[PDB]
Structures are given as C-alpha cells and as structure tokens.
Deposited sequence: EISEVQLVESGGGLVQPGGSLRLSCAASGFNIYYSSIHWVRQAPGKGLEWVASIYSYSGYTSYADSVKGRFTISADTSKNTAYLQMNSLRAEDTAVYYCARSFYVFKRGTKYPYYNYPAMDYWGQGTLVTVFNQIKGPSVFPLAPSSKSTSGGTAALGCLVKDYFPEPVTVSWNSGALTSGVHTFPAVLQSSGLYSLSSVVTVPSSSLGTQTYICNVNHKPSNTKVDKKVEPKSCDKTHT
C-alpha cells in the first residue's frame, strides 16, 4: 500500500541544477518526516536531508548545507531535493525514505522509541560531470589463456563491456573503474579461455559508453 518512487536523476554540470522528486502513495506526506539518503559508487549510506512536512522544518548534513534544498508539495504528495552548486562527490544513488516511531504515552516512564526508516524507494542516479568523453579501447593480447580490453580515458561512468555480443559470459571479469590523476576513468575487462579456442575462435569485446553514445568492437588476437 505504502510506496516511495524517486525520479529526476541524470547528468548535471557544476553551474547547473537538478531536481529529484519522491512521489509518495498510500499515505499523506503532510503529517510525515521524509529523508534523502545517498550512496556514492562502492560506498556506504550517508544521510543528506530531512523535512518535517507539517511545519516545513528542514535539516541538512554539513556536506550539502547551503547547496541542496529539501521541500514537500503537500498537494502532489511529493518531496523534492533541489541540487545546486554541484561537486564531483555529489555523484551517487539518491534514495528517499519515510521514518516512523512506536510509542505509548503516560506514566512517569513513557515508552518513546526513536525513529527508523521503514519505506524506501529504489533510488535515482545523479552523475556530476565537466565534459563527456568516450573511451579509447586497446587489446590485452594473449600469449589457461587470458585476453582482454583496456578501456581508457572516459568520463563520466559508467562503461559496460560484453564479449562476442553476449555469447561469452563465463570466465569474464570487468573490473571497477579507477579515477586517474587526469580526472578520467579507466578499466579493463578480461576473460580466461581454453588456449585451444585461440587461433580458431574470434574474441571481440563490445564496449558501450552511453554518456558519449560510443559503441566500440575490438577484435583481440595473439
């Protein structure tokens, strides 16, 4: 019955702005406390902001304070996160969540539990960028056999790699990207293959960088 669905995530530049929305169903946001929590690639959960919607009282992590504004539209039943003064460290999956607490009033020793987050949306990806740049792709040639592609010098993430257009998935390892001192990403994808197949079986890596609309097929031979 209760659902939170986030939307509005995409590409944004410093100088730019982005508005995320969290549409609530099965309950009225008016009498609720709504939160934004974010997760940077490969990292933990970080609280960003909260709104007590009845009074419009807002709370912010020091890392976003003065850059992000949280709000609630109590006629659309929707909360918003307005992102300004974007920085590279804002790149993350953003989640919306509702909190609840359990209580009984009365006596000298009231039973008051502190809030937890019961309902979460599935998150929206925000990618901060200066320039979009497609990758250069290089063979990692074989000489029981390993061969690969080095996918160098792209921005932003992500890049996907497939092998023989998805016919080869076993023994495939595509590493997480590293950020180079150039401020550009690099990754390799490798596959182990029976040596017997090389000479006979063709090995092509299919590289897709959606931010730059770049698809690259590199044949990899000995």
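Colleague: In sequence order, name the stretches of the deposited sequence that have no C-alpha in these coordinates.
Modeller: No C-alpha for residues 1-3, 147-153, 233-240.
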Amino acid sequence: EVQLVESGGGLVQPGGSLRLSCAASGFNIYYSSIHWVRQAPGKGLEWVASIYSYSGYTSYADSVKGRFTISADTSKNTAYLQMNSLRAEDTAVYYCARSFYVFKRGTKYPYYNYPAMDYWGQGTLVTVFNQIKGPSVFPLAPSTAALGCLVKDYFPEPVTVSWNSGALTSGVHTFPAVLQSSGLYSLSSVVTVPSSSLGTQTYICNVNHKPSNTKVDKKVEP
From here on, numbers count along this sequence of modelled residues.
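Colleague: Highest mean C-alpha temperature factor of the two stretches 171-179 and 33-41, which is it?
Modeller: The deposited B-factors put 171-179 ahead on the C-alpha mean.
Colleague: Comparing 130-138 with 93-101, where is the mean C-alpha B-factor higher?
Modeller: Comparing 130-138 with 93-101, the higher average CA B-factor belongs to 130-138.
Colleague: Would the CA B-factor of residue 153 place it in the lowest, middle or highest third of its chain?
Modeller: For residue 153, whose C-alpha B-factor we compare with every modelled residue in the chain, the answer is the middle third.
Colleague: Place residue 10 in the lowest, middle or highest third of its chain's C-alpha B-factors, as listed in the PDB entry.
Modeller: For residue 10, the deposited C-alpha B-factor lands in the lowest third.
Colleague: Sorting the chain's modelled residues by C-alpha B-factor, tell me whether residue 189 ends up in the lowest, middle or highest third.
Modeller: CA B-factor rank for residue 189: middle third.
Colleague: Among all modelled residues of this chain, ranked by Cα B factor, put residue 75 in the bottom, middle or top third, i.e. lowest, middle or highest.
Modeller: Answer is middle: the recorded C-alpha B-factor places it there.
Colleague: For residue 55, does the deposited CA B-factor place it in the lowest, middle or highest third of the chain?
Modeller: Middle third.
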